[PDB]
Amino acid sequence: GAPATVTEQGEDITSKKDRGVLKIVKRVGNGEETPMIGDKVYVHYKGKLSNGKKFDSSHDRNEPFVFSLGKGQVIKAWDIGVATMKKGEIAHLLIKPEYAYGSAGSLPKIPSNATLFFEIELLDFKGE
Ligand SMILES: COc1cc2cc(c1OC)OC[C@@H](C)Cn1cc(nn1)CCCCOC(=O)[C@@H]1CCCCN1C(=O)[C@H]2C1CCCCC1
């Protein structure tokens with residue numbers, strides 16, 4: 001399914017081109033602007049381990065997930081990936097552990113050396 005699709009077809013959006021963050025745009029958004037470091041960003045997301053084994057969603061909290069971009073509030077892969085997204089866009093990200101929770105993990109939700117998959121919808125973003 002969707003993780004394997006991202007493996008096969010996703011763009012590598014890392015600076016180092018190490019395939020640590022792979023992206024597919026699933027629904028095109030609008031506008032020239034993408035979120036800049038410091039912006040307050042509003043998303044809906046569905047996320048899981050690539051193994052399918054856990055699944056977390058902003059929709060289960062009946063509220064958007066909000067964070068300030070580049071401020072260390074989220075995993076590196078989100079700071080990188082959401083910076084590439086337009087308002088209205090839905091994207092798939094597949095993320096190696098070096099851009100998420102590494103060798104330590106984040107138990108009990110995230111084991112060591114986990115690959116993560118997310119679908120993210122960019123709802124809105126506002127300048128600091
Ligand atoms: C490692 O900890 C978690 C990871 C993830 C979700 C977490 C979480 O905490 C327990 O609970 C979400 C919710 C119930 C409470 N919460 C936490 C945060 N905001 N609301 C702040 C969370 C910051 C860390 O999360 C992230 O950086 C990423 C990207 C932003 C959405 C959440 N993220 C996750 O990694 C999820 C994770 C859950 C397991 C399946 C994969 C995704």
Side-chain angles (χ1 to χ4, degrees), residues 1-7 9-31 34-39 41-45 47-50 52 55-60 64-70 72-75 77-125 127:
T5 296
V6 181
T7 292
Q9 303 180 190
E11 176 178 6
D12 181 356
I13 61 163
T14 67
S15 297
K16 285 168 70 166
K17 292 304 187 275
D18 55 18
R19 297 175 45 83
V21 190
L22 297 169
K23 183 187 180 195
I24 306 173
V25 175
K26 299 305 286 207
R27 183 239 285 172
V28 163
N30 40 92
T34 54
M36 299 246 144
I37 307 337
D39 288 359
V41 181
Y42 302 69
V43 307
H44 270 303
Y45 78 84
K48 64 167 166 170
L49 304 179
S50 55
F55 315 76
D56 164 56
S57 174
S58 52
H59 292 298
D60 313 308
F65 180 85
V66 180
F67 73 108
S68 300
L69 187 77
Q73 285 171 19
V74 288
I75 53 173
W78 269 48
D79 278 338
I80 292 159
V82 174
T84 72
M85 293 184 72
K86 305 178 156 188
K87 190 189 189 183
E89 180 180 315
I90 303 180
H92 290 174
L93 301 183
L94 191 68
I95 301 156
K96 292 177 175 180
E98 296 74 11
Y99 290 92
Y101 305 91
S103 61
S106 197
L107 284 187
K109 289 193 179 312
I110 311 289
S112 176
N113 294 329
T115 299
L116 307 187
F117 171 89
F118 292 82
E119 175 181 281
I120 308 174
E121 174 179 350
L122 185 56
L123 303 166
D124 199 4
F125 56 97

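In listed order, ligands and their atoms are each counted from 1. Quick note: residue numbers are just sequence positions, from 1. The basis for the numbers below is simple: all heavy atoms, side chains too, and nothing from hydrogens, waters or symmetry mates.
Side chain to side chain, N113 and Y101 fail the donor-acceptor criterion of an N or O pair below 3.5 Å. Donor-acceptor pairing under 3.5 Å is lacking for the side chains of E121 and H44.
Counting heavy atoms under 4.0 Å from ligand 1, residue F65 touches it through the side chain alone.
Short contacts between ligand 1 and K48, defined as distances under 4.0 Å to a heavy atom of the residue, involve ligand atoms 40 (C), 41 (C). Close approach of ligand 1 to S106 is summarised as follows: ligand atoms under 4.0 Å from at least one heavy atom of the residue are 1 (C). Proximity to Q73 (heavy-atom distance under 4.0 Å) selects the following atoms of ligand 1: 23 (C). Less than 4.0 angstrom separates some heavy atom of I75 from each of these atoms of ligand 1: 27 (O).
Evaluated by nearest non-hydrogen atom to atom 28 (C) of ligand 1, the leading choice among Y101, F67, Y45 is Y101.
Inclusion of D56 in the set of residues having an N or O under 3.5 Å from an N or O of ligand 1 is not warranted. Close N/O approach between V74 and ligand 1 is not found [any backbone or side-chain N/O within under 3.5 Å].
Checked against the 6.0 Å centroid criterion, the rings of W78 and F118 qualify as a close aromatic pair.
Summarising the hydrophobic clusters (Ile, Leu, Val, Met, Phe, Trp, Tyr; side-chain heavy atoms under 4.5 Å, direct or chained), the residues clustered with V28 are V25.
A cation-pi arrangement, defined by a distance under 6.0 Å to the six-membered ring centre and an angle within 45 degrees of its axis, is absent between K48 and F55.
Partners of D12 by side-chain hydrogen bond (donor to acceptor under 3.5 Å, both in side chains), not counting sequence neighbours, listed by chain and number: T14.
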